[PDB]
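Colleague: Sending over a structure as structure tokens; questions will come in a sec.
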Amino acid sequence: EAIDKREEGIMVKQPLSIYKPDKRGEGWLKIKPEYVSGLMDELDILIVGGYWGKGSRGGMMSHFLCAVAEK
DNA sequence: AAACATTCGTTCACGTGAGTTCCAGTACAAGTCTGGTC
């Protein structure tokens, strides 16, 4: 239904769960279409440019600029 | 009366179960890099 209404996803919560600051995966869960395999459309695009990287990956092209073709 | 077969307590090797140490696989959390717009 969320996919029908063009929404991000759904959340599932446990009724007997207390509040715990800064804690993940205790009583709250999320489901998005991306997390389910096959439910998304993927794009095949070309790499037309590159950028240099920051500290952990310095002397290599870390991010890229992609382009689609013209019929 | 003498020779041969059987039996018995002993011995060794080999196999299997339980305890201990070490390492690989798994899980989770935090850190680091990136993307997009307003």
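Starting from 1 in every chain, residues are counted up; chains themselves are A, B, ... following the order of the structure tokens, and ligands are numbered from 1 as listed.
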Only residues of chain A matter here; which ones have an atom within 12 Å of chain B, counting only C-alpha atoms (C1' of nucleotides)? Give them as number ranges by chain.

Modeller: A: 22-25, 51, 53-58, 62-65

Colleague: Can you pull out the residues contacting residue A:67? Cut-off 9 Å, using only C-alpha atoms (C1' of nucleotides), and skip same-chain residues under 5 positions away; I want them as a list in words.

Modeller: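 Listed by chain and then number, they are residues 45, 46, 47, 48 and 49 of chain A.
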
Colleague: Could those selected residues go to a file with N, CA and C atoms, as a compact mmCIF listing (two decimals), in the first residue's frame?

Modeller:
# COMPACT_ATOMS: atom_id res chain seq x y z
N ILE A 45 24.44 3.10 -16.57
CA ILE A 45 24.91 4.39 -17.06
C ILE A 45 26.43 4.39 -17.16
N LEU A 46 26.94 5.29 -18.00
CA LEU A 46 28.36 5.35 -18.30
C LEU A 46 29.08 6.28 -17.34
N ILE A 47 30.37 6.04 -17.16
CA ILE A 47 31.24 6.91 -16.38
C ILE A 47 31.92 7.87 -17.34
N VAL A 48 31.64 9.16 -17.19
CA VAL A 48 32.22 10.19 -18.06
C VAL A 48 33.21 11.09 -17.35
N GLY A 49 33.29 11.03 -16.02
CA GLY A 49 34.29 11.84 -15.34
C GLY A 49 34.59 11.30 -13.96

Colleague: What is the atom CA of residue A:17 to atom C1' of residue B:26 distance in Å?

Modeller: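 It comes out at 26.5 Å.
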
Colleague: Which neighbours of residue A:13 fall inside 12 Å, counting only C-alpha atoms (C1' of nucleotides), when residues of the same chain fewer than 5 positions from it are skipped, and could you give them as number ranges by chain?

Modeller: A: 18-19, 25-31

Colleague: Can you list, as JSON, numbers by chain, all residues belonging to chain A that DSSP tags as helix (DSSP H, G or I)?

Modeller: {"A": [33, 34, 35, 55, 56, 57]}

Colleague: What gap, in Å, lies between atom CA of residue A:6 and atom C1' of residue B:35?

Modeller: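 Result for atom CA of residue A:6 versus atom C1' of residue B:35: 21.7 Å, one decimal.
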